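What follows is one structure encoded as structure tokens, with my remarks underneath.
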Amino acid sequence: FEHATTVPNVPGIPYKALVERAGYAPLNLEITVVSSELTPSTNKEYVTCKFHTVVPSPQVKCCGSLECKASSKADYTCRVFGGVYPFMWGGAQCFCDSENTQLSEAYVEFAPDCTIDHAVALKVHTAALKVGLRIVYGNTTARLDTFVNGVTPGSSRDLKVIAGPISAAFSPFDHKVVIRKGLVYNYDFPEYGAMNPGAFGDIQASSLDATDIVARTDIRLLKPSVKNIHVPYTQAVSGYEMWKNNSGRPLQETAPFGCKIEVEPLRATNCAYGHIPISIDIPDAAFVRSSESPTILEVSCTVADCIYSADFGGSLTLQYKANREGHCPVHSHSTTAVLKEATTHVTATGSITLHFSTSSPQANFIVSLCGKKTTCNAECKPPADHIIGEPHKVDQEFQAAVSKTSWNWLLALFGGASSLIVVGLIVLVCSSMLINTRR
Amino acid sequence: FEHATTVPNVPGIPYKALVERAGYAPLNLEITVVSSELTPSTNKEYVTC
Amino acid sequence: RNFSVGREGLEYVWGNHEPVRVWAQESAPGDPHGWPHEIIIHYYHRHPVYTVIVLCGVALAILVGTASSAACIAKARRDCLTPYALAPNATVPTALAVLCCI
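Chains as they are written, first to last, in the working numbering: chain A, 1 to 439; chain B, 440 to 488; chain C, 489 to 590.
As structure tokens, then:
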């Protein structure tokens with residue numbers, strides 16, 4: 001037998017439903033989302049870190065000239081200066097006070113500490129949401145991992161299920177992402193090759209060992225003024241470090257919907273948002289026909305004190321009369337009240353106490369026992385606490401969210417005006433008919 | 440679970456109330472004022488004889 | 489530090505402790521089953537926007553109904569008296585004249 005439903009995607013909250021197959025006895029169905037994993041598809045644009053500004057040992061053409069070559073280092077920078085006449089600890093280094101050129105050379109490579117200290121730039125696309133479900137029907141309680149897309153079926157032992165598509169697609173990752181040492185950030189890093197000095201991603205490469213590293217750090221060489229040989233240079237600060245300081249908080253503290261971010265691969269677990277349509281083919285073997293199940297004769301509902309809170313702050317009692325000892329399923333046929341227990345051992349005659357939670361100020365909801373329906377009427381007080389360590393297990397609607405006292409006052413106040421305008425129209429019509437008849 | 444009452448200040452007389460947490464069986468609460476001393480702020484000005 | 493907590497919930501991380509999640513309740517002051525004096529105060533804190541909108545709606549609807557009352561009654565009174573207002577010895581049922589004179 002195939003059943004369709006729409007389960008709220010809130011990990012840690014059972015959802016209960018009843019399947020009433022006409023031939024068979026009613027069966028319970030409680031569904032829990034044990035875990036979710038929203039994982040996107042990503043491609044690595046580049047990696048970046050602190051550049052090491054390496055400066056090759058300078059060469060001098062002692063009484064001649066030199067020309068700047070065209071190398072393929074990262075941010076490669078070469079200049080030639082005129083007569084320098086350098087000196088060393090050994091002493092003078094050349095024999096021409098003029099035309100004693102020097103060639104200044106500098107470029108960058110990855111710092112030796114970049115192996116651990118580096119950042120990866122990724123792009124994300126549409127993310128596919130995968131869910132692990134624990135689903136119980138009657139006694140069976142198998143689990144299963146499935147993809148929530150509306151197409152791919154999550155075949156289990158025999159329980160077949162299709163889920164989705166998600167009611168509202170959502171992705172915590174913006175279009176561009178950066179992942180550094182576990183932490184995730186949403187930074188619109190500049191594209192590959194578009195290095196700008198002094199900002200994030202000033203040096204980029206396809207991989208740590210890749211030799212085609214490209215960078216633009218605005219390095220510039222100056223004329224050596226002191227007569228000791230040395231090459232001076234000034235360069236913008238490492239934009240990688242600038243970003244590290246101005247990073248802001250990571251996404252583990254900023255992703256919405258209470259989502260716990262994890263890496264390797266990039267993913268978003270336990271993310272509570274939207275509704276998941278689930279269609280499930282429960283096998284008929286677990287079904288039991290009503291000729292063998294106990295059909296109860298008479299049940300009534302008496303509700304104790306109740307309170308509307310996330311916790312199970314409501315209690316009630318069922319006085320029942322049935323025809324056999326068995327395992328009838330109990331259920332709530334309202335969206336604003338959910339019971340705790342599902343199956344109760346039922347006798348020929350007796351009573352059962354149950355717990356429930358509601359969101360509505362009044363419990364005005366139908367309880368069903370093995371198909372027999374009875375209306376519970378109650379009046380739940382406001383909760384005494386202010387904060388709980390549990391999530392609210394049931395949504396709060398509008399219709400069953402105002403007490404019948406308020407409802408009666410509102411309906412009286414509106415019905416007064418409605419009846420008054422109706423009576424006024426009727427009076428005008430009647431006056432016209434009386435004038436016409438006695439004219 | 441915080442419960443608020445107004446116990447009459449009468450030594451030796453127990454006062455009984457019922458606390459009703461919604462999801463739980465009621466519990467009985469007996470409050471007895473075993474002793475009470477009222478002490479003022481006092482300061483010696485002098486002694487005499 | 490003061491933190492506003494919504495019904496969807498809130499999470500705070502303090503130091504190196506593991507995250508703590510807490511969810512709000514609906515424990516507004518007042519009573520949802522008492523006199524309307526209690527109703528309004530209870531529902532204003534949960535949803536002041538909606539509560540004010542509904543109260544205004546009711547107030548307007550009452551004023552509409554009352555205005556309509558006169559708009560109909562007075563006209564009917566008019567058309568039921570004016571034919572007899574220009575005649576001798578207007579032997580109207582006296583209940584109608586009394587009702588229409590007020």
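Think of the CB as a built atom: it goes at the ideal place given N, C-alpha and C, for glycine as much as any other residue.
Here's the rule: buried if 16 or more other CB atoms are within 10 angstroms of the residue's CB, otherwise exposed. What is residue i?
{"i": "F491 of chain C", "result": "exposed"}
{"i": "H530 of chain C", "result": "buried"}
{"i": "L466 of chain B", "result": "exposed"}
{"i": "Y463 of chain B", "result": "exposed"}
{"i": "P86 of chain A", "result": "buried"}
{"i": "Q362 of chain A", "result": "buried"}
{"i": "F365 of chain A", "result": "buried"}
{"i": "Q59 of chain A", "result": "exposed"}
{"i": "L369 of chain A", "result": "buried"}
{"i": "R565 of chain C", "result": "buried"}
{"i": "residue 443 of chain A", "result": "No information on residue 443 of chain A is available, as it lies outside the stretch 1 to 439 that chain A covers here."}
{"i": "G313 of chain A", "result": "buried"}
{"i": "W511 of chain C", "result": "buried"}
{"i": "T445 of chain B", "result": "exposed"}
{"i": "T437 of chain A", "result": "exposed"}
{"i": "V303 of chain A", "result": "buried"}
For residue i, does the three-state DSSP call read helix, strand or coil?
{"i": "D218 of chain A", "result": "coil"}
{"i": "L543 of chain C", "result": "helix"}
{"i": "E264 of chain A", "result": "coil"}
{"i": "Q59 of chain A", "result": "strand"}
{"i": "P465 of chain B", "result": "coil"}
{"i": "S207 of chain A", "result": "coil"}
{"i": "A583 of chain C", "result": "helix"}
{"i": "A564 of chain C", "result": "helix"}
{"i": "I421 of chain A", "result": "helix"}
{"i": "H442 of chain B", "result": "coil"}
{"i": "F414 of chain A", "result": "helix"}
{"i": "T487 of chain B", "result": "coil"}
{"i": "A106 of chain A", "result": "strand"}
{"i": "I470 of chain B", "result": "strand"}
{"i": "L428 of chain A", "result": "helix"}
{"i": "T374 of chain A", "result": "strand"}
{"i": "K130 of chain A", "result": "strand"}
{"i": "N245 of chain A", "result": "helix"}
{"i": "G274 of chain A", "result": "coil"}
{"i": "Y572 of chain C", "result": "coil"}
{"i": "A578 of chain C", "result": "coil"}
{"i": "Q396 of chain A", "result": "coil"}
Under 7 Å Cβ to Cβ from residue i, same chain only, skipping five residues before and after it: list those, please.
{"i": "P265 of chain A", "result": "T39"}
{"i": "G326 of chain A", "result": "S293, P294 and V346"}
{"i": "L543 of chain C", "result": "none"}
{"i": "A128 of chain A", "result": "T39, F147 and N149"}
{"i": "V580 of chain C", "result": "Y572"}
In chain order, what residues of the same chain lie with their CB nearer than 6 Å to the CB of residue i, ignoring the 5 residues before and after it?
{"i": "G201 of chain A", "result": "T48, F189 and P190"}
{"i": "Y76 of chain A", "result": "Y107"}
{"i": "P283 of chain A", "result": "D158"}
{"i": "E105 of chain A", "result": "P56 and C78"}
{"i": "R134 of chain A", "result": "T32, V34 and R143"}
{"i": "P453 of chain B", "result": "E469 and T471"}
{"i": "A255 of chain A", "result": "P172 and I261"}
{"i": "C114 of chain A", "result": "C49"}
{"i": "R324 of chain A", "result": "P294"}
Which same chain residues, not among the five before or five after residue i, have their C-beta less than 8 Å away from its C-beta?
{"i": "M88 of chain A", "result": "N228 and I229"}
{"i": "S71 of chain A", "result": "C78 and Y107"}
{"i": "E99 of chain A", "result": "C63, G64, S65, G82 and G83"}
{"i": "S279 of chain A", "result": "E2, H3, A4, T5, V161, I162 and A163"}
Is the stretch 215–226 of chain A close to the stretch 188–197 of chain A, with three or more CB pairs under 8 Å? yes
Could you list the residues in the stretch 533–546 of chain C with a C-beta less than 7 Å from some C-beta on chain A, going in chain order? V546
For the stretch 117–134 of chain A against the stretch 167–184 of chain A, are there 3 or more C-beta pairs whose distance is under 8 Å? yes
Please identify, using Cβ separations under 8 Å, the residues of the stretch 304–328 of chain A that lie next to chain B, in order along the chain. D305, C306, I307, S309, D311, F312, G313, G314 and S315
Please name the residues in the stretch 459–474 of chain B whose beta-carbon is closer than 7 Å to at least one beta-carbon of chain A, in chain order. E459, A461 and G462
Determine, using beta-carbon pairs with one atom in the stretch 491–508 of chain C and one in the stretch 466–485 of chain B, whether at least three such pairs fall under 8 Å. no
Is it true that the stretch 553–561 of chain C meets the stretch 408–428 of chain A, where meeting means three or more beta-carbon pairs spaced less than 8 Å apart? yes
Report the residues of the stretch 352–369 of chain A with a CB closer than 7 Å to any CB of chain B, ordered along the chain. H355
Can you give me, in chain order, the residues of the stretch 551–576 of chain C that have a beta carbon less than 8 Å from any beta carbon in chain A? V552, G553, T554, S556, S557, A559, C560, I561, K563, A564, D567, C568 and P571
Are three or more beta carbon pairs between the stretch 509–527 of chain C and the stretch 378–390 of chain A nearer than 8 Å? yes
Beta carbons nearer than 8 Å to chain C: which residues of the stretch 244–261 of chain A have them? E253 and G258
Should the stretch 403–413 of chain A be called in touch with the stretch 327–337 of chain A, which here means at least 3 C-beta pairs below 8 Å? no
Listed from N- to C-terminal order along the chain, which residues in the stretch 157–173 of chain A have their beta-carbon within a distance smaller than 9 Å of any beta-carbon of chain C? none
Anything in the stretch 409–422 of chain A with a Cβ closer than 9 Å to a Cβ of chain C? List those residues in chain order, please. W409, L410, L413, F414, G416, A417, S418, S419, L420 and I421
Check whether the stretch 312–321 of chain A touches the stretch 340–360 of chain A, counting contact only when three or more Cβ pairs, one atom from each stretch, lie closer than 8 Å. yes
When you compare the stretch 162–169 of chain A with the stretch 144–154 of chain A, are there three or more beta-carbon pairs, one atom per stretch, that lie closer than 8 Å? yes
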